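Enquirer: Attaching a single structure in structure tokens format; questions to follow.
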Ligand SMILES: [Zn+2]
Ligand SMILES: [Zn+2]
Ligand SMILES: [Zn+2]
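Chains as they are written, first to last, in the UniProt record's numbering: chain S, 638 to 686; chain D, 56 to 109; chain F, 273 to 316; chain V, 55 to 154; chain W, 1029 to 1205, 1213 to 1224; chain P, 1519 to 1664; chain B, 1 to 141, 174 to 273, 312 to 539; chain E, 4 to 215; chain C, 1033 to 1141, 1151 to 1203.
Below is the structure:
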């Protein structure tokens, strides 16, 4: 985008962080997957020091 | 400085040139007034609205 | 008319097609930085 | 010449008929997410072309960031004109709207 | 061009009024998740109070009018509770019909009003084993939450509804194995 | 109980076995004819919701209500096809949907004015959109104006 | 688009209408008359389709404004059609009114009283007065009664509009919503159905011969049937106080009908009140001239190295030849003395005239809507007319207005990266160096932009150019 | 075996009373809830067959109605005894309506109104006339779960609605003049109905439609 | 392990500006010739759905076929204006061919001011047609208007201020 009005809109209205919940049902669309889930189960285990 | 700006941008350049609309040479000008875009204000006040281009 | 038009269209079609056959097309750039392309076909 | 005067009087009259006076305002006292973005962009545009700035830059070079700063201190001299669907409108100053 | 207007109604671009209020309740779907998550809001009360900052709005909101009207209607709606829907009292329209949810604290959907009051009613326990949060204060905060979950004037709800039906329907391109018409064919019918 | 086929009046005679006040249908147009537009509206909402519920897809009734209110805006059962579209006040929007020269021919013969309110029309003429950030005007407060 | 070139004037609405041959002639930069486009040295033929009055072409300067191929916006010219043609876009509507006409009393064959009832309703709908248009139908208290009925309906419409204007409900510009537009469209449909549904004229009682068409815009007139010729001469005393039919005959018939039935037509052809006060004319359905669009919209193409003529020019030159040819038929036609002109020569002259009209009408059709043109030299495949240009594939509107190819963008295969933020995008330098942004220079950023300009086009973060004041 | 037929007539009668009450006229609650037996008692001969002519009745506006709708006239309901409706019977009915000065006539026919007689419907302004078939009154559609409560607005209520939303009449959502509920409430063009919906989202929710 | 051949013309592309198409003045299709990337109908709807009217304006106007063009405020056309051709020393002005009289015809019907006459390149003199300004339109609008006038159809743009 090529002018500050369009900048402001892309950073405040259509920006990724503005779109955590979907408008379909109002639920999350962004999260971590694969390695990151497996990693979490391990890092947050009681056995972890 | 809106009055200053209207003067330096538009009016001053008209001085001592022929102008097609008044059908003569413009010698000069008096009593410049901005029309407030807020139609509810008094012709008095020195705070006025000017609509900005999209 | 229609019968005369046949002959007249033929010789004009031939004439016009040959004229264009050795035409020379000159580049036109905008202030933008933009060549203007002579093509009649948005083939997208 | 006589009738341009008339034309102007009609324009100005209908404009006044459309304006909803301050104390009869009825829309949300909150700044909308749309109003915010445009206010920022537009004020940023004016900053980029040497509008007098009402806040300390403190090294900032992004005019959008300067606007944001101005917004934060409520020093943006802009007014939002909200249109109801019949074309009548309410003027709300940026400073008076609750921002979030 | 169907969008939310500054009067909370939903209009087409030519001014034609399509709905009088977005969900019958003016709520943004993407601000809705925690509106009836009361126990999550009661823990976390203090952070929510910081976030919503009631101090900055006292001068700009009517804090009495809608609450008073709300009680008037809760009475009539209960006094005529068990009688069938066509013999219903219509002396009193819902609060949202009369008071702008953005301006009047307490102007709130009746579902929400009920869900909230039921919670407060059935959970007096949590208002002692709380951090000093009393029943009154929590109602107010939840009411303020509703206010801050409103759809914004300007939203292209029409485009969004279209996408919320078209996009998810791509998951119905195939099928499993009454006897009725299903999936996309039906959606077309 | 569930019937293949629709005939409300016939069912109205079986008052002895069924609660006639709670009979519902698949068929939006049948309901419209017998019970009216509000009933038909509800039937549309439920039917569209039934479509998604079967595939465990969740879609807010807020969208569904709007779609159904739209469809019933003329007191009737209007589809999102040529006929429903044909009513729209915007000739530029119709021109950009289906059959440009037809809608254009219609506009000319009506000596129509495009008021430029639809998103389509404004894109055609290069006008800032009416929705969102285009739904209001911005004005500058300037001092020293007398 | 440049934030330092603001625009003060703003377009607020668009009005649809029809170009008159008078306007066109006045605005035209050149009348085009030569089918031939170039000469042996590749220069524009004067009076031809690349005539320099229509705009700069190749290395030549525009003869109208003097600007070159870059700053010259182009200018329109016109072709003079030697004989009126039906405008193919409107031929169906023309057909409706023609059929509906009474070729004797020159009203529509629908009874005047009914036609007036439609005029009343449509007029009310210009002001959005839907309830009133139904109330209009509620009005009743043989030719003496009818004029009082007409009169009292008329005074109702006036009273309703007056009342509607005094309170909020309308302006002199009308009121136009979807529900209004729906009621309007129904009425016009109902009106047209009723127009064509009449045989004998309800007003003078005569029968007019029936009109039949082509898909190629030709009109035939079927002469009168036996019972009907009998019926017609019985009414002979009261009035006392197949074949191709030329477009000129058709125009004369409609010209008169449009004068007589002007009242109703004034509302059938205007969805809003007609403040302009212009009459509704039959000419609107005909073309006496064709607008030749500016040269920049009709340029040749290069398919690699070979150069191909513009297809719209190929169609226009066919209009041009037929045009010259008819101007010759018209020349020999005047050199006939009627003292040698037979009764049999009457048939042959007509034969030649029908021929001319048909083929000019075909050449016009071919240029505007190739569908309505007779398939050429069985093969070749038709050359697109204007309709087909606007409607090619998804069509101009969808392919170049609702969606566009744009400047300042890039495309690439995507690759995963866990090391950027969830709200970032990792941009390859190959893009970063070619995509620019126009930053205005100020006190607060002069340091930064100095460095960018020093860095140049190829060292990031740099700059590719400077815009001066 | 006319036991059904009588029951169906008893049922259609109930709907008519309910309809007339809903329109604003004074009808007792006990009158609506007339038990099946009492109905035969009052309206059948000693023969078991039902006498339609005895069923016909007059209705006057109530207290609230007179205040809200000053020009609400009196209403007359007719149950034609004849399987088909002659133009003879129609006239007799219409005369009755005009002579004794009623604002509304409701004609409850059994199955056939000759289109000859349908002509006489708008014959006596300012008064208005409505027709209903019996078999379509066996059930009260407004009692249905899917049919929200429609309330007719007064001219004052309508003026206020249009002002509050700055609306032109035709920008409102439409309800067809011949919509089953419109016909039930006797809606004239231009009248606005307030509709109290149950929302899945909100509780009660007021919407409106204009009759065109 | 097997290495799979490329089946696809993968290669990336970027365009700031570059060649435009003659009729629409919109970016040509290309890659190998600096073509633009398409924002089509689906992306239009997305941009409306966000409420981002400036992003929409940036893509479908500003960064595509944005054009400052002359209109006649009087007849509402964008096709009948041209630059005047002035005598040497005088400055060129913007005039409407529809709204002005051929000089002869105007004489043939009070004195006529000097500022009211203009000339073209051929040499014909005109009286009037000086009510012009500039408006910002997508170029493709000019093409559409042009095609429509071929079909005998007139678009009339109402411009403000008058
Ligand atoms: Zn030129
Ligand atoms: Zn006649
Ligand atoms: Zn002009």
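Using N, Cα and C, we set each Cβ at its ideal position, and we do this for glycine too.
Quick one: what's got a C-beta closer than 6 angstroms to residue 108/E's C-beta in the same chain, skipping five residues either side?
Expert: Along the eighth chain, one-based indexing puts residue 108/E at 105. Taken in chain order, the residues that qualify are 79, 100, 132.
Enquirer: Which residues, in order along the segment 76 to 101 of chain D, keep a beta-carbon less than 8 angstroms from a beta-carbon of chain C?
Expert: Result list: 78.
Enquirer: Please classify residue 1161/W: does DSSP put it in a helix, a strand, or coil?
Expert: Counting from one through the fifth chain, the residue named residue 1161/W turns up at place 133. It is coil, neither helix nor strand.
Enquirer: For residue 457/B, which residues in the same chain have their Cβ closer than 6 angstroms to its Cβ, ignoring the five residues on either side in sequence?
Expert: Here residue 457/B corresponds to residue number 387 of the seventh chain, with the count starting at 1. Excluding sequence neighbours, residue 457/B sits near 439.
Enquirer: Assuming residue 150/E contacts residue 184/E under a Cβ cut-off of 8 angstroms, what Cβ separation, rounded to an integer in Å, is found between them?
Expert: Taking the eighth chain and counting its residues from 1, one reaches residue 150/E at position 147. Taking the eighth chain and counting its residues from 1, one reaches residue 184/E at position 181. About 7 angstroms separates the beta carbons of residue 150/E and residue 184/E, which is inside the 8 angstroms limit, making them a contact pair.
Enquirer: Bridge partners for residue 31/B per DSSP, in chain order?
Expert: Taking the seventh chain and counting its residues from 1, one reaches residue 31/B at position 31. Looking at the DSSP output, residue 31/B shares a beta bridge with 78/B.
Enquirer: Let me know the secondary structure DSSP gives residue 360/B once reduced to three states.
Expert: For this step, residue 360/B is matched to residue 290 along the seventh chain. In the structure shown, the three-state DSSP call for residue 360/B is strand.
Enquirer: Check for me: the alpha helix (DSSP H) holding residue 107/E runs from which residue to which?
Expert: Sequence index remark: in the eighth chain, residue 107/E carries index 104 (1-based). Segment 107 to 112 is the beta strand (DSSP E) holding residue 107/E; no alpha helix (DSSP H) there.
Enquirer: Between residue 1142/C and chain D, is any beta-carbon pair separated by less than 7 angstroms?
Expert: It's not possible to place residue 1142/C here, given that chain C moves directly from 1141 to 1151.
Enquirer: Can you list, in chain order, the residues of its chain whose CB lies under 6 angstroms from that of residue 1118/C, leaving out five sequence neighbours each side?
Expert: Numbered from its first residue, the ninth chain carries residue 1118/C at position 86. If we look at residue 1118/C and ignore the five residues flanking it on each side, its Cβ neighbours are 1124.
Enquirer: What are the boundary residues of the alpha helix (DSSP H) that residue 120/B is part of?
Expert: Translated into positions along the seventh chain, residue 120/B becomes position 120. Taken as a continuous stretch (DSSP letters only), the alpha helix (DSSP H) holding residue 120/B covers 112 to 126.
Enquirer: So which residues touch the region around ligand 3, with touch meaning a C-beta under 5 angstroms from any heavy atom?
Expert: 1104/C, 1106/C, 1107/C, 1128/C, 1130/C, 1131/C
Enquirer: Rounding to the nearest angstrom, what Cα-Cα distance links residue 1098/C and residue 509/B in this structure?
Expert: Numbered from its first residue, the ninth chain carries residue 1098/C at position 66. Numbered from its first residue, the seventh chain carries residue 509/B at position 439. Distance between the alpha carbons of residue 1098/C and residue 509/B: 19 angstroms.
Enquirer: Just to confirm, are residue 109/V and residue 87/V a CB contact at a threshold of 7 angstroms?
Expert: Taking the fourth chain and counting its residues from 1, one reaches residue 109/V at position 55. Taking the fourth chain and counting its residues from 1, one reaches residue 87/V at position 33. No. Outside cutoff.
Enquirer: Does residue 315/B come out as helix, strand or coil in the three-state DSSP assignment?
Expert: In the seventh chain, counting from the first residue as 1, residue 315/B sits at position 245. DSSP places residue 315/B in the coil class of the three-state scheme, outside both helix and strand.
Enquirer: By how many angstroms is the C-alpha of residue 283/F removed from the C-alpha of residue 50/B?
Expert: Here residue 50/B is taken as the residue at index 50 of the seventh chain, counted from 1. Here residue 283/F is taken as the residue at index 11 of the third chain, counted from 1. Approximately 18 angstroms between the Cα atoms of the pair.
Enquirer: Chain C beta carbons: is any one of them nearer than 7 angstroms to that of residue 651/S?
Expert: By one-based count along the first chain, residue 651/S stands at place 14. True, the Cβ-Cβ gap to chain C drops below 7 angstroms.
Enquirer: Return the chain-ordered ranges of every alpha helix (DSSP H) run that is complete within the segment 187 to 253 of chain B and spans a minimum of 4 residues.
Expert: You should have 210 to 228.
Enquirer: Over the uninterrupted alpha helix (DSSP H) stretch that includes residue 1081/C, give me the two end residues.
Expert: Translated into positions along the ninth chain, residue 1081/C becomes position 49. From DSSP, the alpha helix (DSSP H) with residue 1081/C extends over 1073 to 1082.
Enquirer: For ligand 1, list every residue whose C-beta falls under 5 angstroms from any of its heavy atoms, going in chain order.
Expert: 55/B, 62/B, 64/B, 65/B, 72/B
Enquirer: Could you check whether the Cβ of residue 235/B sits closer than 6 angstroms to any heavy atom belonging to ligand 2?
Expert: Within the seventh chain, residue 235/B is the residue found at index 203, counting from 1. Relative to ligand 2, the nearest heavy atom lies less than 6 angstroms away from the CB of residue 235/B.
Enquirer: Starting from residue 184/E, follow the alpha helix (DSSP H) in both directions and report where the run begins and ends.
Expert: The residue you call residue 184/E lines up with position 181 of the eighth chain. Judged by DSSP secondary structure, residue 184/E falls within the alpha helix (DSSP H) whose first and last residues are 183 to 188.
Enquirer: Can you find the residues in the same chain that come closer than 6 angstroms, C-beta to C-beta, to residue 1127/W, ignoring five residues on each side of it along the sequence?
Expert: For this step, residue 1127/W is matched to residue 99 along the fifth chain. Excluding positions up to five away in sequence, the list reads 1094, 1135.
Enquirer: So, is the C-beta of residue 134/E closer than 7 angstroms to a C-beta in chain P?
Expert: For the purposes of this step, residue 134/E is taken as residue 131 along the eighth chain, with counting starting at 1. No - not a single Cβ of chain P is within 7 angstroms of the one on residue 134/E.
Enquirer: Starting from residue 139/V, find everything on chain E with Cβ-Cβ shorter than 9 angstroms and list it in chain order.
Expert: On the fourth chain, position 85 is the one that residue 139/V refers to. Those are 168, 169, 170, 174, listed as they occur along chain E.
Enquirer: Output yes or no for whether 7 angstroms exceeds the beta carbon distance between residue 1178/W and residue 1112/W.
Expert: For this step, residue 1178/W is matched to residue 150 along the fifth chain. For this step, residue 1112/W is matched to residue 84 along the fifth chain. No.
Enquirer: Tell me whether residue 1084/W is buried or exposed, calling it buried when 16 or more other Cβ atoms sit within 10 Å of its Cβ.
Expert: Within the fifth chain, numbered from 1, the residue matching residue 1084/W stands at position 56. Answer is exposed; the Cβ neighbour count stays below 16.
Enquirer: 7 angstroms is my cut-off, CB to CB: does residue 58/E come that close to chain B?
Expert: In the eighth chain, residue 58/E corresponds to position 55, counting from 1. Not closer than 7 angstroms to any Cβ of chain B, the Cβ of residue 58/E fails to qualify, so no.
Enquirer: Return the Cβ separation of residue 328/B and residue 312/B in integer angstroms, given the expectation that the two are a contact with Cβ distance under 8 angstroms.
Expert: Here residue 328/B refers to the residue found at position 258 of the seventh chain. Here residue 312/B refers to the residue found at position 242 of the seventh chain. No, residue 328/B and residue 312/B are not in contact; Cβ-Cβ is about 26 angstroms, not under 8 angstroms.
Enquirer: Do residue 305/F and residue 1056/C have their C-beta atoms closer together than 7 angstroms?
Expert: Sequence index remark: in the third chain, residue 305/F carries index 33 (1-based). Sequence index remark: in the ninth chain, residue 1056/C carries index 24 (1-based). Not closer than 7 angstroms, so no.
Enquirer: Could you tell me if the beta carbon of residue 104/B falls within a distance shorter than 6 angstroms of some heavy atom in ligand 2?
Expert: As a position in the seventh chain, residue 104/B is number 104, starting the count at 1. Checking the Cβ of residue 104/B against ligand 2 gives yes.
Enquirer: For the alpha helix (DSSP H) containing residue 1050/C, list its first residue and its last residue.
Expert: Here the question's residue 1050/C lines up with position 18 in the ninth chain. Residue 1050/C -> no alpha helix (DSSP H), and no H or E assigned at all.
Enquirer: Looking at chain C, is there any beta carbon in it that lies within less than 7 angstroms of the beta carbon of residue 641/S?
Expert: In the first chain, the residue the question calls residue 641/S occupies position 4. Judged by the 7 angstroms Cβ criterion, residue 641/S is not in contact with chain C.
Enquirer: Rounded to a whole number of angstroms, what is the C-alpha to C-alpha distance between residue 88/B and residue 435/B?
Expert: Indexing the seventh chain from 1 puts residue 88/B at position 88. Indexing the seventh chain from 1 puts residue 435/B at position 365. Cα-Cα distance, rounded: 6 angstroms.
Enquirer: Report yes if the C-beta distance between residue 1555/P and residue 25/E is below 7 angstroms; otherwise report no.
Expert: Start at 1 with the first residue of the sixth chain, and residue 1555/P comes out as number 37. Start at 1 with the first residue of the eighth chain, and residue 25/E comes out as number 22. The beta carbons of residue 1555/P and residue 25/E sit no closer together than 7 angstroms.
Enquirer: On the DSSP letters alone, give me the boundaries of the beta strand (DSSP E) that residue 156/V sits inside.
Expert: No answer is possible for residue 156/V: the residues shown for chain V start at 55 and end at 154.
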